[PDB]
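Order of writing sets the chain letters: A, B, C, D, E and F. Residues in each chain are counted from 1.
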Amino acid sequence: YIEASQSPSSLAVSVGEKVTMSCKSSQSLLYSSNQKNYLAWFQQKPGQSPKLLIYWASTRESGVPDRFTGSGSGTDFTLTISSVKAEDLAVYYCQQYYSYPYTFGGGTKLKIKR
Amino acid sequence: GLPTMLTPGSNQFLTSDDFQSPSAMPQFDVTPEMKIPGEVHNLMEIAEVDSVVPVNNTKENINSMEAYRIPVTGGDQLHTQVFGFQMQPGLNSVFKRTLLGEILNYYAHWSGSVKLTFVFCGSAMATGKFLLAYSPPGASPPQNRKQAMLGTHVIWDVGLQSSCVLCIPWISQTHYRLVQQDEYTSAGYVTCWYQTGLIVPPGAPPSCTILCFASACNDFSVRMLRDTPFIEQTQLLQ
Amino acid sequence: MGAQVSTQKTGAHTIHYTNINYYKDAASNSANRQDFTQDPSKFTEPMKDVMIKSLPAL
Amino acid sequence: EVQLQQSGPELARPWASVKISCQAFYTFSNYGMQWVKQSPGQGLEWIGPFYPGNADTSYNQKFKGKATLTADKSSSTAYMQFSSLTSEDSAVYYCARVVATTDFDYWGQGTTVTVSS
Amino acid sequence: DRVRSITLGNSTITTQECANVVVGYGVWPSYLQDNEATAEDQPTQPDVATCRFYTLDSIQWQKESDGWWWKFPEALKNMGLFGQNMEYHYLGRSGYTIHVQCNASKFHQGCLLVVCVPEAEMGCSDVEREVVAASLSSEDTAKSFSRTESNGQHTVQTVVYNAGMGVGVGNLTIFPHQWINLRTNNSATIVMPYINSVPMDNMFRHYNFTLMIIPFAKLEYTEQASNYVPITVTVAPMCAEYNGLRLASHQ
Amino acid sequence: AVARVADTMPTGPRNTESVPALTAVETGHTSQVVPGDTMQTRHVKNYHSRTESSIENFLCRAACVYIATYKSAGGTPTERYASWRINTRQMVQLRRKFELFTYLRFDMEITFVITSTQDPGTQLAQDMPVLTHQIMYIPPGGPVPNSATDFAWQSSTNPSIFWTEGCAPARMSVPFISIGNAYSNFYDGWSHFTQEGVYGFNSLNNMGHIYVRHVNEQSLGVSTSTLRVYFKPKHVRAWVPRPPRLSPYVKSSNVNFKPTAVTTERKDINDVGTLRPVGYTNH
């Protein structure tokens, strides 16, 4: 059970600024053969099914706006947004697919601070 | 008498010396030696004999004959790898217990080419083609046939003759390697892939098996005799 | 003085030694370390009919 | 397009292990699909994959023996086998599919179970 | 060429899909020369009445079969005049020709290893005990290896992958051996000379060699094909001689 | 030279109907192919030799076969001397090395290493001269001593060593003293003609006994000595090689064993010692 944990639990960042989520693993997720980082970023709002935003931890799913930008490598991964919208209240998950069993991230809530 | 002088190394017992010694049974009449077939003069006469290699030595298969069988299936197997292992004749769970690895385990240095004979034990109506590749060190192990075709490969077409030989050559920067292999004397990887695929008529079993044998070529050598790390005891046997 | 002068084992890139037997029994001699015969055809090709690599096996 | 229609509500008493079901809109060769258990009191976790085109199946260690998977090639529908249904098993189970070697290209709507008696 | 015919005594063997013939360790059987002789009385040599092909009982190759072994010459106690000469004499000496034969189909598959192990000393199922005579070989019928361990008391430890001797089965190819591949073969012929450290030995308390047949590729076939596949062994003594004539043993 | 391994003759590209890569192992014939038959190669002059893999070089190295202990002062006379029935089955290393071959024939060089110590207790010696030990070999049949001070130690015909501490280890050479034409490491047979009694190689083992004692009487204290026996086979000939053993040894008079795995496990059939993520090779 590899753990791709997240910090902090939430930021409550205001609308119109930048935010940088982080995800730290217990074991590297980089395959030295094909040079790929096995991490995906998922978006989950209460009520509906979660949606994939980022695959390979550095490439964005089609139909997703340019606000989300993934970065990082090795063990440590980051997700930077330059200008959030009030409709983006969700818990984002850093899901690993390196090995078994599949383990999803701890999430990160979005509170109200404006 | 004659003046002599004792040097270092006197009154010592070195277990690998050649000195004469008096006989306890003078004028003993040794019984005649006869002709007994199968005389061994060199241990490399034994390492040059094919031995079945347990490539499929997973957790469950080591305690059965399933360790010796390499399975092949006839679907769309273009993206699957039949097998793959490091080339380490002395220190490797696949090779260290065969008739070759057992001989190398009593020696610390080895050097030569190695023969790997693959035998298709399917039905007489099953046909296929495989790619048997060897990849020297310096790069990551191949992940697919498109990557594994760039090494020393043989394309084996299963037909009337059942066995195909893949000869791993000698490519190293040193004359000898270490049986206890390390990152500095690495020898690469041996992999198998489906060239076309296994096709059977209506009636033949759709899945088949392969057997692997390993021996040494006529340029294999071993040196530095050591103890084997395979046998041990706690107390004197009685 | 049946002293025997043999050749020493050296690398194949002052190389001779002497030997005298002091005892009446052949069991007292040193080891026969320089007998390097080998014939692996009895274990590798114990076949009634010879086989050629180039020719098909059957 | 490739929406994974799941099963309807299956709330019942415990010890009534329900076969949760999902449909698919893609060819059932050389892909995979998984079930993931969602309850807001437990975050997110994972159960087991079924891999069409390879004919193999794994399971989560916490759910070993608890769960089992099977599919039909000519049915376009995959369901779960469950064992020893409990009251704490209440969660919104999902379905996900794999287009590549890994990653989840699509998600199911999410069917919840309310184990009450 | 795939056809062969072996004629010995008043018997002949015809095979149309053989691999070849393996000759021991490169040497053909022959009689004992006067240089190596130790017994002084004139030996007997019933060349035709003894050196002929005797057929052991057949066995069945099942999908879950593990292997079988015979021990020689004790497998031929009650077989023709060979057994009579064994009973009436003290010392005997001979080589052998072993013909294992099994034909299945072009739609069957499998692979048997056939070995002739000299001095195949075996271990007991219960360590701290010793085997009995009946647990090593009963008659021309086979003794079957097992998939798992044997918890007997005075039986042989018949786990298949240790080959009874406590070694690795895959290395059993060091001995004179052949492979029966139903794809390629339907027979296996091995010519074994007399291997021992004495010029002659008693043929009732010594097992010169053990013939082991072991499936490495299990038999597989479709429901439309014949499911009964027998394996048959046929052994012929070669250049057999005996010394020490006296009354018969076992009476 | 003798005996240099073969050279790799230079080979180039070819397109022929004589394929040597395809063979048939069903005939019990090991393929005699070389690397030049499956790829283009270069001419290298191979100066390597197989001098260290020969039988005479593989076995002519002294190895321990027995460790025995005996006291010098008194109490329970059986403890005042040591005896041993000669085997090669009590130390696993040389036992396996010898068991690689079915038949052996060689001369032996035997070395004895004797190390003594001072036992604790009341009434210690506080000063004592050097100790002299006696090793006597009794062929099968001769009288065997029942005490340190026994008439059987004269050794009128039995060979003996009188060895004094502070000197080199005792040593001799012994010819091929077997009854048969070779040493039988294995025996698939019995001792009696009715197929009963003793099964295995133990019946043919008729080599004799070795007894060791202190010549000194001491009588002021107790001293314990330990004798280690080393065997060096020279002029070795070997017949009918066998596979090396898999199971650990249990008895010194049987080949009894417990079923062991053929090799060591690995994670997958495609395992090459890497982390190996999921997909198209690992599922």
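Definition applied: a residue touches a chain if its C-beta (ideal position, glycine included) is under 8 Å from a C-beta of that chain, and two chains touch if they have at least 3 such contacts.
Chain by chain, the UniProt names read as follows: F = Genome polyprotein.
S.K.: To reach chain C from chain B by way of touching chains, what is the minimum number of steps?
M.R.: 1
S.K.: For the interfaces C-E and B-F, which has the higher count of C-beta pairs in contact?
M.R.: B-F
S.K.: Taking each chain's centre as its mean C-alpha position, how far apart are chain A and chain F in Å?
M.R.: So the centroids are 65 Å from each other.
S.K.: Starting from the mean Cα coordinates of chain D and chain F, work out the distance between those two points in Å.
M.R.: The separation of the two C-alpha centroids amounts to 62 Å.
S.K.: So what's the Cα centroid distance for chain A and chain D, whole Å?
M.R.: Chain centres of chain A and chain D, defined by C-alpha means, are spaced 23 Å apart.
S.K.: How many Å are there between the centre of chain E and the centre of chain F, using C-alpha atoms for each centre?
M.R.: Their C-alpha centroids are separated by 31 Å.
S.K.: Note the residues in chain E that touch 2 or more other chains, in rising order.
M.R.: In chain E, 19-20, 22, 24-26, 161, 168-171, 173-174, 176, 179, 181, 184, 195, 197, 199 touch at least two other chains.
S.K.: What residues in chain C touch two or more of the other chains?
M.R.: Touching at least two other chains: 25, 27-31, 33, 36-38, 42-44, 46-47, 56-58.
S.K.: Name the residues of chain A that each touch 2 or more other chains.
M.R.: 32-33, 38, 97, 100
S.K.: What part of chain D is in contact with chain F in the complex they form?
M.R.: 49, 51, 54, 56, 58, 100-102
S.K.: Help me check something: in the complex, which residues belonging to chain B touch chain F?
M.R.: Residues 11-13, 15-16, 18, 20-25, 28, 30-34, 36-46, 48-50, 54-59, 62-63, 67, 70, 79-81, 83-86, 93-94, 96-97, 99, 102, 106-107, 111-113, 115, 117, 119, 140-141, 143-144, 152, 154, 156, 161-167, 169-170, 175, 189, 213, 215, 217-225, 227-228, 230-233, 236-238 of chain B touch chain F in their complex.
S.K.: Quick check: in the complex, which residue numbers of chain B touch chain E?
M.R.: 32, 34-38, 46, 49-54, 63-65, 67-69, 97-99, 102, 119-126, 162, 203-205, 208-209, 211, 213
S.K.: Which part of chain A faces chain B closely enough to touch in the complex?
M.R.: Listed in rising order, the residues of chain A that touch chain B are 32-34.
S.K.: If we count contacts the way the header does, which residues on chain F are in touch with chain B in the complex?
M.R.: 3, 5-8, 20-26, 30-35, 37-39, 41, 46, 48-50, 52-55, 57-58, 60-63, 66-67, 89-93, 96-97, 101, 103, 105, 109, 111, 113, 137, 159, 167-169, 171-182, 230, 232, 237-241, 243-246, 248-252, 259, 261-274, 280-281
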